[PDB]
Structure formats: C-alpha cells, structure tokens
Amino acid sequence: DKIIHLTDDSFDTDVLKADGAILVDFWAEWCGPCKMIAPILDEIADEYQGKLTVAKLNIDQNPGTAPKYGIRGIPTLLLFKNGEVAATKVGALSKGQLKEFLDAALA
Ligand SMILES: [Cu+2]
Ligand SMILES: [Cu+2]
C-alpha cells in the first residue's frame, strides 16, 4: 500500500516535483524476473518507510517514460533524489544485494 503505481503523466508530478528519494521499478507483465522481485520491493517499501518511496511503472501501459531515461530493458531500477536520477541498477537483485545498492545510492 506504500507502493506508488505511476503513469507517464503522474511521473511528471510524483517524481519530478518530489524532494526525497524514490526507487522506480520499470516492469511489464511479460517479464518473469520483474514479477519475482515484486515481493522484495514490498518489503523494502515497508522497511524504508519515511526514507524511500517505492514506485512501479508498467512500461507497456506507460511507453513514454523509459525512453526519456535511455532504459533498454527490464527490470531496471532508477533511484531518484529531488527529481533527478541519483543511481541505477539494470537487472534483478536479491534482497541483500538491493539493500547494498540502496546503502550506496542513498549516500
Ligand atoms: Cu501495503
Ligand atoms: Cu502491499
């Protein structure tokens, strides 16, 4: 319930005008690894409450956002700070590896 489902249009407000950190998961229904990381993202959203918003963007229903960031495939994670990309990860990760990524990305 802490996870935000973005559209191409709502991205322009909820991400670009937001101070704070937002982890955006670019995914699609056909993508197996994307679906598998979904429970990890739920856990992160709870654990990082007050620190990080977790958001998802379904690239087939929202084809405009990924090209703006040069995203070539899914799953891809973009960590925004204050409306700008602050870190990226292409590919799926274990929970422990995702937390390592976040330690570095939030620093
Ligand atoms: Cu919930
Ligand atoms: Cu939930």
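About the criteria used
- Numbering of residues starts from 1 on every chain and follows the written order of that chain's sequence, so it may differ from the entry's own numbering; residues lacking coordinates are omitted.
- To read the labels, note that chains go from A and ligands from 1, taken in the order they are written.
- By convention in this description, side-chain values take in all heavy atoms of the structure and omit both hydrogens and water.
- Starting at the N terminus, helices and strands are each numbered in turn, a helix being any DSSP run of H or I of at least four residues and a strand any DSSP run of E of at least two.
- Each radius of gyration is computed over the set of C-alpha atoms, and the globule rule expresses the reference value as 2.2 Å times the number of residues to the power 0.38.
- Residue burial is assigned from relative accessible area. The probe radius is 1.4 Å, only protein chains are included, and a residue is buried under 20% of its type maximum, exposed over 50%, and partly exposed in between.
- Note that accessible areas follow from Shrake-Rupley with a 1.4 Å probe, and for residues the cover is restricted to the protein chains shown.
- As used throughout, the charge tally considers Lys and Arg to be positive and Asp and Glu to be negative, leaving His and the chain termini uncounted.
- Where a charge lies is defined by one atom per residue type, namely NZ (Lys), CZ (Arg), CG (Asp) and CD (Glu).
- Only N, O and S atoms count as donors, using a 2.8 Å limit from the metal and a wider 3.2 Å limit for Na, K and Ca, and since water is excluded some coordination spheres may look unfilled.
- Pairs of strands are assigned from DSSP output, requiring at least two bridges between the strands.
- Residue contacts are counted whenever heavy atoms from the two residues lie within 4.5 Å of one another.
- Helix axes use the C-alpha atoms of the stretch in contact, all axes being lines fitted to C-alpha atoms, and the angles between their N-to-C directions lie in the range 0 to 180 degrees.
- Counting rule for disulfides: a pair of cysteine sulfur atoms within 2.5 Å.
- Take the buried residues of types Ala, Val, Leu, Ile, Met, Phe, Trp, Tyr and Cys, join any two whose side-chain atoms come within 4.5 Å, and each joined set is a nonpolar core.

- Per the PDB record, the structure was determined using X-ray crystallography to 1.1010 Å resolution.

### Remarks on the overall build of the protein
Item 1. Helices and strands together make up the secondary structure of the protein, namely four helices and five strands.
Item 2. Mapped from its N terminus to its C terminus, the protein presents α and β elements in the order β-α-β-α-β-α-β-β-α.
Item 3. Computed over C-alpha atoms, the radius of gyration of the protein comes to 12 Å, within 12% of the 13 Å expected from 2.2 N^0.38 for 107 residues, which places it in the range of a compact globule.
Item 4. Judged by the C-alpha coordinates and their principal axes, the protein covers about 30 × 30 × 25 Å.
Item 5. Split into buried and exposed, the 107 residues of the protein put 44% on the buried side.
Item 6. Summed over all atoms, the accessible surface of the protein reaches about 5800 Å², with 51% contributed by carbon and sulfur.
Item 7. Charge-centre separation for the protein: the mean point of 11 positive side chains lies 4 Å from the mean point of 16 negative side chains.

### Examining the coordination of the copper ion (ligand 1)
Item 1. Surrounding the copper ion (ligand 1) are the protein donor atoms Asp1 (N) and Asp1 (OD), which sit 2.0 to 2.1 Å from the metal.
Item 2. The distance between the copper ion (ligand 1) and the copper ion (ligand 2) comes to 2.7 Å.
Item 3. Relative to the elements of secondary structure, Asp1 occurs in the segment before strand 1 (4-5).

### Points about the sheet that holds strand 5 (residues 84-90)
Item 1. A sheet is described by the order of its strands in space; here five strands give the open sequence 1-3-2-4-5, paired in mixed fashion. Edge positions in the sheet fall to strand 1 and strand 5, since each has one partner strand and no second.
Item 2. Of the strands in this sheet, strand 2 (21-27), strand 3 (53-58) and strand 4 (76-81) are in contact with helix 2 (residues 32-47), which crosses strand 2 at around 165 degrees.
Item 3. Strand contacts of helix 4 (residues 95-106): strand 2, strand 4 and strand 5, with the helix running at about 30 degrees to strand 4, the strand carrying the most contacts.

### Some details on the state of the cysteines
Item 1. Counting across every chain of the model gives one disulfide.
Item 2. Residue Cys31 pairs covalently with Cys34 via a disulfide, S to S 2.2 Å. Looking along the S-S bond of the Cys31-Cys34 disulfide, the torsion reads about 75 degrees, which is the right-handed sense.
Item 3. For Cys31, a relative accessible area of 3% translates into the label buried.
Item 4. Of the residues examined, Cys34 reaches a relative accessible area of 3% and is grouped as buried.

### Thoughts on unusual backbone geometry
Item 1. Following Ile74, the chain continues into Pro75 via a peptide bond in cis, with omega recorded as -5 degrees.
Item 2. Tracing the backbone through its elements, the reader meets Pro75 in the loop between helix 3 (65-68) and strand 4.
Item 3. A positive phi angle is found at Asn82, which is not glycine, with a value near 50 degrees.

### What to know about the nonpolar core
Item 1. Core analysis: the largest hydrophobic core is formed by 19 residues, its most contacted members being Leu23, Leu41, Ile44, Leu52, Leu98, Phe101 and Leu102.
Item 2. Secondary-structure elements contributing two or more residues to this core are strand 2, helix 2, strand 4 and helix 4.
Item 3. Broken down by element, the residue count for this core peaks at five residues, all from helix 2.
Item 4. With residues up to four places along the chain from it excluded, the contact list for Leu98 reads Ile40, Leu41, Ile44, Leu77 and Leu93.
Item 5. With 18 residues, the next largest nonpolar core counts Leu6, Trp27, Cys34 and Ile74 among its residues.

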